[PDB]
Amino acid sequence: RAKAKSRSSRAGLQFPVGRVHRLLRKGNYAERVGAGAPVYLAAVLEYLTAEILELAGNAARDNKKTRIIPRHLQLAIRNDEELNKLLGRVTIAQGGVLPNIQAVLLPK
Amino acid sequence: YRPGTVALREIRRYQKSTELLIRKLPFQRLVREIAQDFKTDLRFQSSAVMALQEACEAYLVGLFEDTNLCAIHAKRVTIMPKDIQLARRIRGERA
Amino acid sequence: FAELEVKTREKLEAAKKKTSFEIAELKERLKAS
Amino acid sequence: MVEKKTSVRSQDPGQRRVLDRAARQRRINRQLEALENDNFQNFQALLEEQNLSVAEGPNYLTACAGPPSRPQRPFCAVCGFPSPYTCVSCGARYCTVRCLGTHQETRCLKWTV
Amino acid sequence: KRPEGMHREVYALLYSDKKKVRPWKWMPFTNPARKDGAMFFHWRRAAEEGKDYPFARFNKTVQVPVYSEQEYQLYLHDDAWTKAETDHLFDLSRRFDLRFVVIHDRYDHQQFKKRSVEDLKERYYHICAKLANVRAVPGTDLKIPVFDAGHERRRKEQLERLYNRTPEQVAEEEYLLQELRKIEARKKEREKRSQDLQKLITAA
Amino acid sequence: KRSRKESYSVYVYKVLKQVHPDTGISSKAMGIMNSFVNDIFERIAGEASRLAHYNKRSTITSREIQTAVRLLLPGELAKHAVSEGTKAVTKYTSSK
Amino acid sequence: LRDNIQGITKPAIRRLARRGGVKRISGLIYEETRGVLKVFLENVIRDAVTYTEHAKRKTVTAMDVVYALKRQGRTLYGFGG
Amino acid sequence: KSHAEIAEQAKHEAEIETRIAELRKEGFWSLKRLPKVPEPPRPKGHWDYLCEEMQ
């Protein structure tokens, strides 16, 4: 038959719409999924992934490292005002913290 | 060294590294002794104990970040046990 | 403690000596051939 | 067939977060040293023996003229012609809408890392 | 009233959350990479009819030295090889781009005595070496490790015995294979363990 | 006799390699990159689930998905996510 | 096993406090930290074992700890697979 | 152990004997692979371009 086109490709996404919708079809998140839910969900998922990978890589470069470590994730998700909010109640393994030293605990 | 000069250096140094701060071997026995009271002969995946440590060090670092703000509340630099208690009560852990 | 240690060693040194002598004999005979 | 770029969606600038002020300086500095740079597209030894040469008497470091009386002129940097405009983000100058287009696509914000 | 008029899903998402005149032509073209001037025909646009062929750069001739008659006579002379016997090797070298697994098979065994691959390789290499040696002085890198034929004759051979081993040496060898561990464990787990036990019982 | 386990590593490297051509990503950082995707997937799908159930609906839809993205992501985060998805649904129903 | 809360030494607590911005530590705070950490650990471990006993398993895997942390509002990234 | 191991170990000694025999017969492994290869490769070559393009 026709050369089969995927659902990540037709829409123009990298995250698997087939796999996303798939977790949804047998995920009981609902009872009869439509034909746009996985597309929107994957699009936004991967959008946030890109949003963060950006800040993580930029901080990494600030550290003169070419590989993103979990530190390049703690520093980032705490450096950006809205990523921190979204991931406020999330601990990133082996990420560390940001060097926020209280002003009153300094040399005087 | 002027009291507080070698301690501020350590604040700037341990806020820039990402390695764990509790020793492994001593902490893994605590995680097994605590498990003791729920099931005789429980096994742990190595990564499971590592995840427990990654949970607890983050929790304690957050609690010592919220406890410092209470110490600075009473015009103190020393964090006092009532500071941990005030932070935790405002946390709803022991309200 | 002394009696329990002696009761332990009465087994331990016996097994150790047996194992040592038997091993030495085996190894030397096998290398001689 | 498809427009064939939504897959890579490189810039997607809903979160653009402009680079400015000191960053501009960094770029300027970088460009300067690149124009001062060498074959590859000993300098450490030069800097070392230059930092041996630091003194207040008449020498290498104290032989610098300084800022000019005649003020700086604008130039376009895409075609090099006189440039009435400045790029709002990075501060580099240009002279047409077309030149701003090229600059936004290749040199604005992209080489600030 | 609802404006809509577009796709249901897209519509809900958007509102619910408010002349070619370039003639190709059948065209003659000559390939500048060829010396015979052969004219071929091609399917090119109108706007490039007359440009040079873009596949003539993919013509990097493998380099092979070309000794002359005088040069050969002086230095390349070899009691076991004749000129008729040696020019053929280089012709095959060139026509097969200096590869010696395919030069061999097409060797002329009718006028020529049978040679292995290693001898042909060594012969051509000594020829190349002496050709460059005629130069030598012009910085001709007299450091050439020309292909070892002796060790390599062996190295070819002592793979062949291991190639055709129906069982045992392919099958039974597993045993000796395991023995490599045993022979490397139980002896020291023997004579050394004995000596350690002798000292342990000496102190005991 | 294999025990294969799925993950998002293949598409987080497509997106990363595309949005940072020179930058790699460590295996441990890709684990975080995977957990993040699964977490947000859970959040958005759960909020769309609740959204559909509140209106007495048996189907989670992309309209509910957009409203859940409006509820979940903060202001800008939302705007960008909603725009990206909205434009991805009109590029998909136009048979490109 | 016995007396393992003492495996969290005075330097072990002081380093964690240094990472949190604390400059000067008191004498009794080490014991307060031990108590708080013990309570948190016991809760997380109990909830994790709830997923093992129900699963008829004898080893506490990583997913159990991840889920226990999630129920506590402590989502952890790095152990999801 | 046991003194009976004399037999087992003697059998292992026989394994050494066969080992030696087989090592005299043909050897266990194709040792010393390509110790000496002085031939320089072509720049890339016309024939290799043909192979690549047909690939």
# chains A, B, ... in the order shown; residues from 1 in each chain; ligands from 1
>>> interface_residues(of="chain E", to="chain H", cutoff="8 Å", atoms="only C-alpha atoms", output="list in words")
residues 58, 59, 60, 61, 62, 63, 97, 144, 145, 146, 147, 148, 152, 155, 158, 159, 161, 162, 169, 173, 176, 177, 179 and 183 of chain E
>>> interface_residues(of="chain C", to="chain E", cutoff="9 Å", atoms="only C-alpha atoms", output="number ranges by chain")
C: 13, 16-17, 19-21, 23-28, 30-31
>>> write_last_selection(atoms="C-alpha atoms", output="PDB file, in the first residue's frame")
ATOM      1  CA  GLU C  13      43.222 -25.926  63.862  1.00  0.00           C
ATOM      2  CA  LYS C  16      43.353 -26.198  59.021  1.00  0.00           C
ATOM      3  CA  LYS C  17      46.182 -28.681  59.590  1.00  0.00           C
ATOM      4  CA  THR C  19      43.712 -29.125  54.793  1.00  0.00           C
ATOM      5  CA  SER C  20      47.290 -27.817  54.822  1.00  0.00           C
ATOM      6  CA  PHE C  21      49.005 -31.203  54.924  1.00  0.00           C
ATOM      7  CA  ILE C  23      47.121 -29.860  50.000  1.00  0.00           C
ATOM      8  CA  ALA C  24      50.893 -29.929  50.348  1.00  0.00           C
ATOM      9  CA  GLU C  25      50.952 -33.668  49.687  1.00  0.00           C
ATOM     10  CA  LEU C  26      48.659 -33.375  46.652  1.00  0.00           C
ATOM     11  CA  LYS C  27      50.612 -30.519  45.097  1.00  0.00           C
ATOM     12  CA  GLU C  28      54.028 -32.101  45.645  1.00  0.00           C
ATOM     13  CA  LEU C  30      51.379 -33.886  41.220  1.00  0.00           C
ATOM     14  CA  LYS C  31      54.442 -31.753  40.470  1.00  0.00           C
TER      15      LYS C  31
END
>>> select_by_dssp(residues="segment 20-89 of chain B", states="alpha helix (DSSP H)", output="PyMOL selection string")
chain B and resi 24-36+46-71+81-89
>>> residues_around(residues="residue 14 of chain B", least_positions_apart="4", cutoff="9 Å", atoms="only C-alpha atoms", output="list in words")
residues 96, 97 and 99 of chain A; 9, 10, 18, 19 and 21 of chain B; 15, 16, 18, 19 and 20 of chain G
>>> write_last_selection(atoms="N, CA and C atoms", output="PDB file, in the first residue's frame")
ATOM      1  N   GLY A  96      22.636  19.149  42.637  1.00  0.00           N
ATOM      2  CA  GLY A  96      23.144  20.143  43.561  1.00  0.00           C
ATOM      3  C   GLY A  96      22.119  21.217  43.865  1.00  0.00           C
ATOM      4  N   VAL A  97      22.627  22.379  44.272  1.00  0.00           N
ATOM      5  CA  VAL A  97      21.791  23.544  44.544  1.00  0.00           C
ATOM      6  C   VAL A  97      22.496  24.766  43.974  1.00  0.00           C
ATOM      7  N   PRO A  99      24.413  28.496  44.611  1.00  0.00           N
ATOM      8  CA  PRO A  99      25.131  29.126  45.725  1.00  0.00           C
ATOM      9  C   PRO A  99      24.487  30.422  46.208  1.00  0.00           C
TER      10      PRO A  99
ATOM     11  N   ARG B   9      33.944  29.791  53.220  1.00  0.00           N
ATOM     12  CA  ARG B   9      34.593  29.060  52.140  1.00  0.00           C
ATOM     13  C   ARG B   9      33.904  27.732  51.862  1.00  0.00           C
ATOM     14  N   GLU B  10      33.600  26.967  52.909  1.00  0.00           N
ATOM     15  CA  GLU B  10      32.912  25.696  52.733  1.00  0.00           C
ATOM     16  C   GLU B  10      31.491  25.876  52.222  1.00  0.00           C
ATOM     17  N   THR B  18      28.211  18.710  43.359  1.00  0.00           N
ATOM     18  CA  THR B  18      26.962  17.962  43.305  1.00  0.00           C
ATOM     19  C   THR B  18      27.084  16.563  43.898  1.00  0.00           C
ATOM     20  N   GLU B  19      28.232  16.212  44.469  1.00  0.00           N
ATOM     21  CA  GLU B  19      28.393  14.894  45.061  1.00  0.00           C
ATOM     22  C   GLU B  19      27.643  14.810  46.388  1.00  0.00           C
ATOM     23  N   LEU B  21      26.841  14.153  50.292  1.00  0.00           N
ATOM     24  CA  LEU B  21      27.546  14.671  51.456  1.00  0.00           C
ATOM     25  C   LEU B  21      27.532  13.715  52.643  1.00  0.00           C
TER      26      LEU B  21
ATOM     27  N   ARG G  15      28.304  19.518  56.529  1.00  0.00           N
ATOM     28  CA  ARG G  15      28.428  19.723  55.085  1.00  0.00           C
ATOM     29  C   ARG G  15      27.068  19.994  54.446  1.00  0.00           C
ATOM     30  N   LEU G  16      26.058  19.204  54.818  1.00  0.00           N
ATOM     31  CA  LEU G  16      24.712  19.427  54.295  1.00  0.00           C
ATOM     32  C   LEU G  16      24.206  20.815  54.657  1.00  0.00           C
ATOM     33  N   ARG G  18      26.133  23.449  55.220  1.00  0.00           N
ATOM     34  CA  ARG G  18      26.903  24.402  54.424  1.00  0.00           C
ATOM     35  C   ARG G  18      26.313  24.551  53.030  1.00  0.00           C
ATOM     36  N   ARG G  19      25.852  23.445  52.439  1.00  0.00           N
ATOM     37  CA  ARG G  19      25.254  23.548  51.113  1.00  0.00           C
ATOM     38  C   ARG G  19      23.935  24.319  51.144  1.00  0.00           C
ATOM     39  N   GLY G  20      23.291  24.409  52.307  1.00  0.00           N
ATOM     40  CA  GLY G  20      22.024  25.093  52.439  1.00  0.00           C
ATOM     41  C   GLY G  20      22.106  26.556  52.829  1.00  0.00           C
TER      42      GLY G  20
END
>>> atom_distance(atom1="atom CA of residue 103 of chain E", atom2="atom CA of residue 64 of chain E")
13.9 Å
